[PDB]
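Before any questions on how it binds or moves, here is one chain, the form deposited in one PDB entry, in C-alpha cells.
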C-alpha cells in the first residue's frame, strides 16, 4: 500500500546516516541502528512540524518506542511523500491526532490538536466553540467521538 522512489530511498539513507555515530555509518551497521527521537526531531524536514513528537511515536517500531530505525524512517517518508494516496494520508493523520491511541478522536484529542496548531492560545470559550463546530461537521453518529470512517469522510470533503 505504500510507495518509495529509488531517489527517495538513496537520499533518505544519506540523511539518516548523518544522525549516527561515525562507527555505525556503514550500510550493514546503519540498517541495525536506532536513532533516539532527540536526533530525529532535529531534522530540518521535521523540526518545524507542530506534530513532530506524535509523528515519531506513530512511526517507531523500537522496543521502548523511543527511537527510529532506518526502516521506520522510510515508513515515515512513504506517508509524507507526494506519491502517498489520500486514503494513506488520512489514515496516518488519524493515528497522529489520536493522542491517547484508543481508536477515536474525543474532545481532549481535539483540544490537544488545537493547542499543537496555535502553540496565540485560544480562550476556554473559543476552544469550546471550535471543538463544537469540528464535532458538528465530523461526528455523524452523534456519539461525541470521531472514528476512522467519520474522519476519512470529512477529510475527503476538504475545501
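Residue numbers count along the first chain shown, from 1. Heads up, when I say rigid core I mean the largest set of C-alphas that superpose within 1.5 Å between the two forms.
Below: the form deposited in another entry, not depicted.
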Kindly specify the one residue in 90, 30, 67, 111 whose Cα moves by 2 Å or more between the shown form and the other one, with superposition done on the rigid core.
111
So with the core overlaid, does the Cα of residue 17 end up 2 Å or more away between the shown form and the other one?
no
Verify the C-alpha shift of residue 138 between the shown form and the other one: is it 2 Å or more after superposing the core?
yes
